[PDB]
Amino acid sequence: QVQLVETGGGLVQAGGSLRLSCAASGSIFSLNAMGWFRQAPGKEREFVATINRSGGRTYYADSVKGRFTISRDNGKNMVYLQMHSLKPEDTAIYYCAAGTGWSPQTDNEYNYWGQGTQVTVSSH
Amino acid sequence: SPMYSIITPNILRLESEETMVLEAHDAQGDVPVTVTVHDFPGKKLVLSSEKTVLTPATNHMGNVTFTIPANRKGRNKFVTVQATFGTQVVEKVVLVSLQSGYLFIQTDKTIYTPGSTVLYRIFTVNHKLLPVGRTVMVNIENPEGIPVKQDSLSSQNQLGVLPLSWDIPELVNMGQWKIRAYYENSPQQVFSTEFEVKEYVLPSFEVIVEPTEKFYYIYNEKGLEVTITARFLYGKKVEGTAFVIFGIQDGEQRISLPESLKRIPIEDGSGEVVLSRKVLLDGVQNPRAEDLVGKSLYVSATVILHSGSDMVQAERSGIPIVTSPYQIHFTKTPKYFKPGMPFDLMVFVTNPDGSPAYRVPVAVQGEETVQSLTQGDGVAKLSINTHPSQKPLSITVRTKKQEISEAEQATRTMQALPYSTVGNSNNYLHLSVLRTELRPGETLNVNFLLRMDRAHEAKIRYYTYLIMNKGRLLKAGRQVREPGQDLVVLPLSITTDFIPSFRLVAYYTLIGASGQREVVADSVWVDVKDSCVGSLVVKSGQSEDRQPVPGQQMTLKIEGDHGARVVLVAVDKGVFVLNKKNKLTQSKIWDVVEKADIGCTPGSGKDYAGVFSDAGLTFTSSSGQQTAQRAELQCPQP
Amino acid sequence: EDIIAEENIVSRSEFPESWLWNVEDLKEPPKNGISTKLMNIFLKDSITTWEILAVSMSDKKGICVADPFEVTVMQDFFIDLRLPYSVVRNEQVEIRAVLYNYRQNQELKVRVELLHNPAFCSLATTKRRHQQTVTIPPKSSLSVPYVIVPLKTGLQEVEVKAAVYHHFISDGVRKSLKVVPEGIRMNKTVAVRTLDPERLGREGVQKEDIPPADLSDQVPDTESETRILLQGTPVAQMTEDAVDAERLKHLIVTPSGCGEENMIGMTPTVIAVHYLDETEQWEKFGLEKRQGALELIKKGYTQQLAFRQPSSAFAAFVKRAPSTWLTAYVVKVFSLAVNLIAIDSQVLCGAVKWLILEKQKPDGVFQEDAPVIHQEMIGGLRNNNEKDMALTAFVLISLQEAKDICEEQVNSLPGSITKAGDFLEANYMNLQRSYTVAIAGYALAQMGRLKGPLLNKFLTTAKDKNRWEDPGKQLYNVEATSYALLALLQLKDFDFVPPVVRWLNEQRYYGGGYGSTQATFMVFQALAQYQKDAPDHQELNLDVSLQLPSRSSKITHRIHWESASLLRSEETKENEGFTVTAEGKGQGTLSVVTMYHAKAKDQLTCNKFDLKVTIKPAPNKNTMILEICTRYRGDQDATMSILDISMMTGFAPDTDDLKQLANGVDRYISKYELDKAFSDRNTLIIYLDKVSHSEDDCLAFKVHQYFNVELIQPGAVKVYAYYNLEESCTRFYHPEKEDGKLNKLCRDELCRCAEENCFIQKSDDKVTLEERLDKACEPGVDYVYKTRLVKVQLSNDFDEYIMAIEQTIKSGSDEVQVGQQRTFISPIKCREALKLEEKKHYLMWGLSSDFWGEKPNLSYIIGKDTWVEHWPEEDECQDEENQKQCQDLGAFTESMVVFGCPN
């Protein structure tokens, strides 16, 4: 199997930016879907972004449509999520998940999840 | 007076270690024995010369292992086996077969296209199925019989595995190609396998043509019901249409029934179709229905996907037309009996497809009191008491299946002839043993029953039993008897050395009626199940809750004997949809061993000499008692 | 727009039929006698089930065949490229890419594309992709038809990629098929020459020059393979059969009587065992009988010593005078008996010691005092005119059978032998009896010398050159010929032997009887030596070596009587005349056959059906009527048949029409196809209970265009009976293409695809002077011409534009001069796109790959890389619209002609 470890999180200001790095256990090659998911306090786990196996296709949620950019490096077994123009409504635990490629915008086709990392965007 | 006896196999092999057991009956003191093996019709050459001494501590029971060297038209060759006990010479001319073992040929696939490569291995084993180092000649010939490639390998230090390959040219004939191999020392024994050469692509699904019964009852008004099953090679059901047509086959003439052509839908991977009894009778020119008994039926199905992108043809042939879902065979029952002693019938019951039938009650007519049940091996034992008379014993056995009417029952008749004794004297020896699937680790209780006169039974104090396995002497021992013990039980340990079967021949000797030296013998053939001597299993070395993906790494687990060389092959199951013939199986290996058995009969003989010869043994003594000469390599034909 | 195939699909390429041909050794330490080896394997690209078979061989356990282990490899979504085994060059076929959707309740929207290959002619070109979007319902599949035409022979490759919308799932399949030339494989016999070096050829060698393959039906530029079959012809040297042992059963005799009577009964038993041991007929005679007669031979030797006189001589009684003949005959029988039984050798040498001291005059003559009571055993020596020379030869033969056994015992034996041989040579040329020359013909050939004339008199005294005969009892002549056979076998001559043995066998003399002592002993001692030394077969030993100029080595083969290489085939792809040198003894056959591609009818298509497919625009956007008429070509109506109908891209059949066809009496449309949705239904099968052979059975249904497409691929219809897919017939239909064939230009079995554009589509205003120079100065651009259109020969297959070369701006590989004409070819679909007008001028450049015919009649093809630009006349440049173009063209010419292309 394969497990994941999320890093790159921390505390940031309201307007700034930060990128989250997802480290994979085994070779991420041949894995069709690599998605990022988040769960805000008091809310449900929602979809953020998926990336193709080769990286040529992506999907984003409407709330973060033109503000986040997902990328992957199949040679380094790494997934990234560059977060720009942050909003106080983006405070959540960010989870990195491995998928099968089918229905990449839902969590029902992801069987290998990560520990998650806290990204707190304060209004101060 | 002492009688010296020697026993060897009926047929001796070249470069194979044969065993010769030497006995000194009714003797005191040490007996030096010099065994020599000479040629024939001459005696100039000394092929082997071993020495031994029969000590009274071992009750004058010892063996000598020799090996005929392979220094060597179209006729038999013989040797002179000669053992000189002290000054008494006891010799026997023995038939010799020019075989150095078996050859098994494995091809990676059953069918090939022009331009592809045939990867094939040849396994070189001897008569004990153990690997040997011999020079093997290999041929690849086209359908026209023209050998296109000839090789000559040395399996020495190869662990009996000869890997080979051949590139099929593009300009080449289609049909059945042969791979033929034989030993250099025994070029008269050729082993062959076939592989089809054809232009094809691999199909995407397989078709299974399965009748509801593996036969057709001629009086079944429902006709022959068949279920057509189609599913993809990766394990998914097929949707399409099936074209099914039936035919009747008498020997090697196939007669198609055009009225039986049906077009059935294949819904959810399955479809059913019936050959009605009227169509069968009308198509074979309306004869009396009993004339069709003995002929077979074949079914040909053609399944086409609804998309039309792929189609597959399948055929199920050899569906016999019978008056009884059962067949009775006496091929495992002795054909000779001993008057006055019980006769053990070995009734073998099979389904019409040849498989052994389970839990089928059988009974002898005229008795109605002796009724047995067939075990998992399809055999049922029926011990019946016989009159002390020289009359022939005609036996008719019928099945007594409850759910089956008397018309659909099976029957078969055999005759057993009385064992002829020397001078019409009535001293016999019976070996009885239960017949069920015997496996290593079990103990076999062999019963030694003695029917003889009470004025001489005190002279018999031991039986001499010999065990024949794979044409060699495996174990020879003594079963002690005390005066008054008409029955003694020999608990025999069944180890893996008894695979696939063995013969137990025993004999007692005495000086009885007119002071004449009398030897009385008996033998029985005991079948053991069957498995590998060692073991070999291939399975998954990973969890595999996942279904693997093209190109995915997979861990394979191989469990076997220490120091064994495992050779592998991975074949697409679409290959077998095109051709599934000439595949190496353990059952085919045991078929080769039993066909090479030098014993011809499941029981005793007409006299004491017939008992040894039928079990594949020679007997020779200084008192003139000996077996008849054997000069034919094959068994007598019934 | 989004190309979904951007998924970076690496197509599946590994349908190996078998793999994992590996050898592993269980070296790991065993746990309870079982070693477990873990093995990492990489599964191949096939989507199927693999059957892995393992066989183990063990020093202490033997051979074991494991039960098969299966591994199933699958995906949810995947392509199955149903590719045929082979395709004929330039024949249009329809392959099927089947896309599978095993999602449980998700309907997929897939973008599938057939990738372009210059080896094929399809809708995919170098500037246009054959992409389409299909819908696959869950747990279903859809067959995507692709129409292609292979253009070059060999192993050619077809690749199909697919990627699903709104899911990150993609797949690709890249399989290959064989492109075989329009002919049919055929084999012809080049030569059948029988090899016999001792009957053909000279000086013991036979040279046979083989002519190259004499084909005259071969498709040009195709491969041929010549198979050389050297095969020895076995014969059975000829040798005469042995006498059947059933006729010799009466020779087993219990010897009894006195000194002469005991030898009479001992003779037929010793000579029978001797002859049966040599011929090994005991199996067909009774192996048990051999020991009983062996005891009768011992019984004869035991009772003959009772009449051995103390002087080491032999007589009838112990009080009878010794004989020179009887003593010499006991030596003759006891010597031949040593090979089977022996007791005492000093008895044999003691008789030879007496045979020289008392009965050897220094003249070398053996004289008989004649105490032989039985004149029966004497044989031919009795009633002989030259009884003195015949007896010297009889005793001399007895000394030789005992010479190898009494060489050290009797040291004076070689002296009497030389003396006896001296007496024979002198009076050998004076004998007139055939018996004397025969027994003294074996007496001087045995370890002796017969002079040239003596050998001539021995061979010329054989009447009819097969037998020795003289007036007298025939037992004398049978005995004589038996002596003459032992002489011909002692001289190792075998050209006079066959007719001699044949006569002995036709005599049908089986020994035994009265006075048969000599006749029975000699006729089976001679016939035993014939079986002891003989050349069953005719000694095949051919050393045949073939010298081929196709290679730098000579392959030889020793065709012994050995069965290892009775026949040996030698394939040679090169078709050249080679030499076959064959020498040695025996006969052999040489077979030379060449396989080749014979040009015939490509008439192999539609050999069992007539098929007429018409598509008519008879009156939701577009609606046409597809009519299919078929007829079986047999004497009777055909059985159940299949109509495999394929829709042209963007069309689907009318559902109500199919339901009315399914209600037909002789038709069947499966419920599966009727319940299918209107869309994603591009294939259909109409089953026919029968198709008439007398009339055309016609069905028709409407097809609607539910999706507008820029390029419509021609649909197809395929007819075949259920029992033979090979005997099919496919017709293509397409509004506005000839017989459903894709556009191609063929000439002399060489076609090039014509589905390209037509020409480089760059506009005349978007191109600049620098852009023209950069394009034209490429090395790929071979020719750059200014032309003038003279004539436009319109045709239905392609339009021919005859151009006059006005100026050679850049001369290519074609030497064309100003004023000459070259034909420019373009398919008729480009007639409206090119808009060429006669007497107008054009700037044209293109690739050297667009040349067509031969150099004397070289044609140009207007392909996707051909530049065709209108060149306005000098007066036309006075307009302001043409000012830009004329400034470019006039400058383009001066820059190319005067200064050329740098780099």
# chains A, B, ... in the order shown; residues from 1 in each chain; ligands from 1
>>> interface_residues(of="chain B", to="chain A", cutoff="10 Å", atoms="only C-alpha atoms", output="ChimeraX atom specification")
/B:543,546,549,551-552
>>> residues_around(residues="residue A:33", least_positions_apart="4", cutoff="7 Å", atoms="only C-alpha atoms", output="tab-separated table (two decimals) with N, CA and C atoms, in the first residue's frame")
chain	number	residue	atom	x	y	z
A	50	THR	N	-7.79	18.45	-7.57
A	50	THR	CA	-7.21	17.21	-8.06
A	50	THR	C	-6.28	17.51	-9.22
A	51	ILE	N	-5.32	16.62	-9.44
A	51	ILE	CA	-4.39	16.75	-10.56
A	51	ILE	C	-4.31	15.41	-11.28
A	52	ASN	N	-4.09	15.49	-12.60
A	52	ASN	CA	-3.96	14.32	-13.44
A	52	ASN	C	-2.74	13.50	-13.03
A	53	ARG	N	-2.62	12.30	-13.61
A	53	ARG	CA	-1.44	11.48	-13.38
A	53	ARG	C	-0.19	12.15	-13.93
A	98	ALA	N	-4.54	9.81	-1.96
A	98	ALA	CA	-4.29	9.08	-3.20
A	98	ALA	C	-5.61	8.53	-3.72
A	99	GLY	N	-5.79	8.59	-5.04
A	99	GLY	CA	-7.04	8.20	-5.67
A	99	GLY	C	-6.82	7.20	-6.79
A	100	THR	N	-7.93	6.81	-7.40
A	100	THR	CA	-7.94	5.86	-8.50
A	100	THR	C	-8.11	6.53	-9.86
A	101	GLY	N	-8.47	7.81	-9.89
A	101	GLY	CA	-8.77	8.52	-11.11
A	101	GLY	C	-10.26	8.68	-11.36
A	104	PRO	N	-12.72	12.20	-9.67
A	104	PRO	CA	-11.65	12.77	-8.83
A	104	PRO	C	-12.10	13.93	-7.96
C	168	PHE	N	-10.15	11.43	-14.17
C	168	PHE	CA	-8.73	11.30	-14.51
C	168	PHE	C	-8.39	9.85	-14.84
>>> residues_around(residues="stretch 379-381 of chain C", least_positions_apart="6", cutoff="12 Å", atoms="only C-alpha atoms", output="PyMOL selection string")
chain C and resi 325+329+367-368+370+372+387-395+433-440+469-483+514-522
>>> residues_around(residues="residue C:80", least_positions_apart="6", cutoff="9 Å", atoms="only C-alpha atoms", output="number ranges by chain")
B: 204; C: 47, 96-100, 173
>>> residues_around(residues="stretch 148-156 of chain C", least_positions_apart="6", cutoff="7 Å", atoms="only C-alpha atoms", output="tab-separated table (two decimals) with N, CA and C atoms, in the first residue's frame")
chain	number	residue	atom	x	y	z
C	89	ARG	N	-2.05	-5.96	-48.41
C	89	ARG	CA	-1.61	-4.62	-48.78
C	89	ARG	C	-2.61	-3.95	-49.72
C	90	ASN	N	-2.96	-2.70	-49.41
C	90	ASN	CA	-3.82	-1.81	-50.18
C	90	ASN	C	-5.29	-2.23	-50.16
C	91	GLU	N	-5.67	-3.18	-49.32
C	91	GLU	CA	-7.06	-3.57	-49.17
C	91	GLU	C	-7.66	-2.83	-47.98
C	92	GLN	N	-8.85	-2.27	-48.17
C	92	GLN	CA	-9.50	-1.49	-47.13
C	92	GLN	C	-10.22	-2.42	-46.16
C	93	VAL	N	-9.95	-2.25	-44.87
C	93	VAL	CA	-10.55	-3.07	-43.82
C	93	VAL	C	-11.08	-2.16	-42.73
C	94	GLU	N	-11.94	-2.72	-41.89
C	94	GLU	CA	-12.49	-2.04	-40.72
C	94	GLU	C	-12.07	-2.80	-39.47
C	119	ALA	N	2.11	4.57	-42.64
C	119	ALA	CA	1.96	3.26	-43.26
C	119	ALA	C	0.51	2.91	-43.57
C	120	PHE	N	-0.44	3.69	-43.07
C	120	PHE	CA	-1.85	3.43	-43.28
C	120	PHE	C	-2.52	4.65	-43.91
C	121	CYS	N	-3.65	4.40	-44.56
C	121	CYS	CA	-4.47	5.44	-45.14
C	121	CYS	C	-5.78	5.46	-44.37
C	122	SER	N	-6.00	6.52	-43.61
C	122	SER	CA	-7.19	6.65	-42.78
C	122	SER	C	-7.63	8.11	-42.81
C	176	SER	N	0.06	-4.52	-33.24
C	176	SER	CA	0.61	-4.57	-34.58
C	176	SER	C	0.04	-5.76	-35.33
C	177	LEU	N	-0.16	-5.59	-36.63
C	177	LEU	CA	-0.58	-6.67	-37.52
C	177	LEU	C	0.42	-6.81	-38.66
C	178	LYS	N	0.31	-7.93	-39.37
C	178	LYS	CA	1.17	-8.22	-40.51
C	178	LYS	C	0.49	-7.78	-41.80
C	179	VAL	N	1.21	-7.03	-42.61
C	179	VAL	CA	0.72	-6.61	-43.92
C	179	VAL	C	1.38	-7.51	-44.96
C	180	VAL	N	0.57	-8.37	-45.58
C	180	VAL	CA	1.05	-9.37	-46.53
C	180	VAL	C	0.73	-8.88	-47.94
C	181	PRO	N	1.62	-9.08	-48.91
C	181	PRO	CA	1.32	-8.67	-50.29
C	181	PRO	C	0.14	-9.43	-50.88
C	751	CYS	N	0.45	2.24	-53.55
C	751	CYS	CA	-0.52	3.27	-53.26
C	751	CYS	C	0.03	4.26	-52.25
C	752	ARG	N	-0.44	5.50	-52.34
C	752	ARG	CA	-0.20	6.50	-51.32
C	752	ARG	C	-1.53	7.11	-50.92
>>> residues_around(residues="residue C:202", least_positions_apart="4", cutoff="12 Å", atoms="only C-alpha atoms", output="list in words")
residues 196, 197, 198, 206, 207, 208, 581, 582, 583 and 584 of chain C
>>> interface_residues(of="chain C", to="chain A", cutoff="10 Å", atoms="only C-alpha atoms", output="list in words")
residues 2, 4, 5, 6, 7, 8, 9, 76, 77, 103, 106, 164, 165, 166, 167, 168, 169 and 170 of chain C
>>> write_last_selection(atoms="C-alpha atoms", output="PDB file, in the first residue's frame")
ATOM      1  CA  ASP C   2      -9.443  20.804 -24.748  1.00  0.00           C
ATOM      2  CA  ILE C   4      -8.622  15.090 -23.607  1.00  0.00           C
ATOM      3  CA  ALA C   5      -5.806  12.862 -24.901  1.00  0.00           C
ATOM      4  CA  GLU C   6      -3.410  15.321 -23.192  1.00  0.00           C
ATOM      5  CA  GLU C   7      -3.438  12.735 -20.357  1.00  0.00           C
ATOM      6  CA  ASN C   8       0.027  11.662 -21.505  1.00  0.00           C
ATOM      7  CA  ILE C   9      -1.210   8.181 -22.379  1.00  0.00           C
ATOM      8  CA  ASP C  76     -12.319  -0.392 -15.429  1.00  0.00           C
ATOM      9  CA  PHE C  77     -12.057   1.274 -18.260  1.00  0.00           C
ATOM     10  CA  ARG C 103     -18.322   1.080 -13.630  1.00  0.00           C
ATOM     11  CA  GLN C 106     -21.604   5.661 -14.040  1.00  0.00           C
ATOM     12  CA  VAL C 164     -12.731   9.987 -20.278  1.00  0.00           C
ATOM     13  CA  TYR C 165     -14.322  13.350 -19.592  1.00  0.00           C
ATOM     14  CA  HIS C 166     -14.588  14.571 -15.980  1.00  0.00           C
ATOM     15  CA  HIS C 167     -12.519  11.659 -14.619  1.00  0.00           C
ATOM     16  CA  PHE C 168      -8.731  11.305 -14.514  1.00  0.00           C
ATOM     17  CA  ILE C 169      -8.888   7.955 -16.321  1.00  0.00           C
ATOM     18  CA  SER C 170      -7.087   7.214 -19.589  1.00  0.00           C
TER      19      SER C 170
END
>>> residues_around(residues="stretch 312-318 of chain B", least_positions_apart="2", cutoff="6 Å", atoms="only C-alpha atoms", output="number ranges by chain")
B: 207, 209, 296-303, 320
>>> write_last_selection(atoms="N, CA and C atoms", output="PDB file, in the first residue's frame")
ATOM      1  N   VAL B 207     -15.633 -19.767 -24.158  1.00  0.00           N
ATOM      2  CA  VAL B 207     -16.949 -20.387 -24.257  1.00  0.00           C
ATOM      3  C   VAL B 207     -16.850 -21.798 -23.697  1.00  0.00           C
ATOM      4  N   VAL B 209     -19.031 -25.284 -23.199  1.00  0.00           N
ATOM      5  CA  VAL B 209     -20.186 -26.049 -23.653  1.00  0.00           C
ATOM      6  C   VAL B 209     -20.333 -27.222 -22.693  1.00  0.00           C
ATOM      7  N   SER B 296     -21.351 -41.715 -29.753  1.00  0.00           N
ATOM      8  CA  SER B 296     -21.212 -40.516 -28.948  1.00  0.00           C
ATOM      9  C   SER B 296     -21.872 -39.335 -29.644  1.00  0.00           C
ATOM     10  N   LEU B 297     -22.092 -38.278 -28.869  1.00  0.00           N
ATOM     11  CA  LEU B 297     -22.658 -37.032 -29.358  1.00  0.00           C
ATOM     12  C   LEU B 297     -21.655 -35.908 -29.147  1.00  0.00           C
ATOM     13  N   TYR B 298     -21.594 -34.981 -30.099  1.00  0.00           N
ATOM     14  CA  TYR B 298     -20.758 -33.798 -29.964  1.00  0.00           C
ATOM     15  C   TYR B 298     -21.610 -32.547 -30.124  1.00  0.00           C
ATOM     16  N   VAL B 299     -21.176 -31.471 -29.473  1.00  0.00           N
ATOM     17  CA  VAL B 299     -21.885 -30.198 -29.477  1.00  0.00           C
ATOM     18  C   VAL B 299     -20.907 -29.121 -29.919  1.00  0.00           C
ATOM     19  N   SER B 300     -21.318 -28.308 -30.886  1.00  0.00           N
ATOM     20  CA  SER B 300     -20.502 -27.210 -31.382  1.00  0.00           C
ATOM     21  C   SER B 300     -21.269 -25.911 -31.193  1.00  0.00           C
ATOM     22  N   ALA B 301     -20.688 -24.986 -30.435  1.00  0.00           N
ATOM     23  CA  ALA B 301     -21.303 -23.699 -30.151  1.00  0.00           C
ATOM     24  C   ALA B 301     -20.416 -22.574 -30.663  1.00  0.00           C
ATOM     25  N   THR B 302     -21.048 -21.559 -31.244  1.00  0.00           N
ATOM     26  CA  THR B 302     -20.357 -20.371 -31.734  1.00  0.00           C
ATOM     27  C   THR B 302     -21.041 -19.158 -31.126  1.00  0.00           C
ATOM     28  N   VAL B 303     -20.325 -18.433 -30.273  1.00  0.00           N
ATOM     29  CA  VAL B 303     -20.866 -17.287 -29.552  1.00  0.00           C
ATOM     30  C   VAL B 303     -20.297 -16.018 -30.168  1.00  0.00           C
ATOM     31  N   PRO B 320     -21.204 -39.859 -24.600  1.00  0.00           N
ATOM     32  CA  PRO B 320     -21.632 -41.192 -25.024  1.00  0.00           C
ATOM     33  C   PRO B 320     -23.118 -41.421 -24.815  1.00  0.00           C
TER      34      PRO B 320
END
>>> decode(residues="stretch 648-665 of chain C", atoms="N, CA and C atoms", output="PDB file, in the first residue's frame")
ATOM      1  N   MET C 648     -22.100   4.871 -40.458  1.00  0.00           N
ATOM      2  CA  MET C 648     -21.198   5.968 -40.775  1.00  0.00           C
ATOM      3  C   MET C 648     -21.245   7.006 -39.660  1.00  0.00           C
ATOM      4  N   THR C 649     -20.084   7.586 -39.355  1.00  0.00           N
ATOM      5  CA  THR C 649     -19.920   8.390 -38.148  1.00  0.00           C
ATOM      6  C   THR C 649     -20.938   9.521 -38.093  1.00  0.00           C
ATOM      7  N   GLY C 650     -21.714   9.554 -37.012  1.00  0.00           N
ATOM      8  CA  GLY C 650     -22.757  10.540 -36.832  1.00  0.00           C
ATOM      9  C   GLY C 650     -24.156  10.057 -37.140  1.00  0.00           C
ATOM     10  N   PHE C 651     -24.329   8.784 -37.479  1.00  0.00           N
ATOM     11  CA  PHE C 651     -25.622   8.245 -37.872  1.00  0.00           C
ATOM     12  C   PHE C 651     -25.989   7.053 -36.999  1.00  0.00           C
ATOM     13  N   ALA C 652     -27.296   6.880 -36.798  1.00  0.00           N
ATOM     14  CA  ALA C 652     -27.859   5.796 -36.016  1.00  0.00           C
ATOM     15  C   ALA C 652     -29.147   5.341 -36.686  1.00  0.00           C
ATOM     16  N   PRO C 653     -29.447   4.049 -36.648  1.00  0.00           N
ATOM     17  CA  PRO C 653     -30.637   3.549 -37.341  1.00  0.00           C
ATOM     18  C   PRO C 653     -31.919   3.970 -36.643  1.00  0.00           C
ATOM     19  N   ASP C 654     -32.990   4.018 -37.432  1.00  0.00           N
ATOM     20  CA  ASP C 654     -34.310   4.311 -36.895  1.00  0.00           C
ATOM     21  C   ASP C 654     -34.809   3.118 -36.090  1.00  0.00           C
ATOM     22  N   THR C 655     -35.181   3.369 -34.834  1.00  0.00           N
ATOM     23  CA  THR C 655     -35.552   2.278 -33.939  1.00  0.00           C
ATOM     24  C   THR C 655     -36.827   1.583 -34.402  1.00  0.00           C
ATOM     25  N   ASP C 656     -37.803   2.348 -34.897  1.00  0.00           N
ATOM     26  CA  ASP C 656     -39.056   1.745 -35.340  1.00  0.00           C
ATOM     27  C   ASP C 656     -38.859   0.866 -36.566  1.00  0.00           C
ATOM     28  N   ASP C 657     -37.881   1.195 -37.414  1.00  0.00           N
ATOM     29  CA  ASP C 657     -37.601   0.353 -38.572  1.00  0.00           C
ATOM     30  C   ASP C 657     -36.988  -0.976 -38.154  1.00  0.00           C
ATOM     31  N   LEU C 658     -36.136  -0.964 -37.126  1.00  0.00           N
ATOM     32  CA  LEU C 658     -35.517  -2.206 -36.672  1.00  0.00           C
ATOM     33  C   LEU C 658     -36.538  -3.125 -36.014  1.00  0.00           C
ATOM     34  N   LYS C 659     -37.485  -2.556 -35.263  1.00  0.00           N
ATOM     35  CA  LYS C 659     -38.520  -3.374 -34.642  1.00  0.00           C
ATOM     36  C   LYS C 659     -39.418  -4.027 -35.683  1.00  0.00           C
ATOM     37  N   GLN C 660     -39.652  -3.350 -36.812  1.00  0.00           N
ATOM     38  CA  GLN C 660     -40.426  -3.960 -37.887  1.00  0.00           C
ATOM     39  C   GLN C 660     -39.618  -5.033 -38.610  1.00  0.00           C
ATOM     40  N   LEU C 661     -38.300  -4.848 -38.723  1.00  0.00           N
ATOM     41  CA  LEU C 661     -37.458  -5.880 -39.318  1.00  0.00           C
ATOM     42  C   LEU C 661     -37.343  -7.094 -38.404  1.00  0.00           C
ATOM     43  N   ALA C 662     -37.287  -6.867 -37.089  1.00  0.00           N
ATOM     44  CA  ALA C 662     -37.198  -7.979 -36.150  1.00  0.00           C
ATOM     45  C   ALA C 662     -38.461  -8.830 -36.166  1.00  0.00           C
ATOM     46  N   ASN C 663     -39.603  -8.240 -36.521  1.00  0.00           N
ATOM     47  CA  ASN C 663     -40.844  -8.992 -36.660  1.00  0.00           C
ATOM     48  C   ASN C 663     -40.887  -9.830 -37.930  1.00  0.00           C
ATOM     49  N   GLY C 664     -39.839  -9.799 -38.750  1.00  0.00           N
ATOM     50  CA  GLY C 664     -39.829 -10.574 -39.970  1.00  0.00           C
ATOM     51  C   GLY C 664     -39.803 -12.069 -39.710  1.00  0.00           C
ATOM     52  N   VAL C 665     -40.162 -12.824 -40.748  1.00  0.00           N
ATOM     53  CA  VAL C 665     -40.237 -14.275 -40.623  1.00  0.00           C
ATOM     54  C   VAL C 665     -38.847 -14.896 -40.639  1.00  0.00           C
TER      55      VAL C 665
END
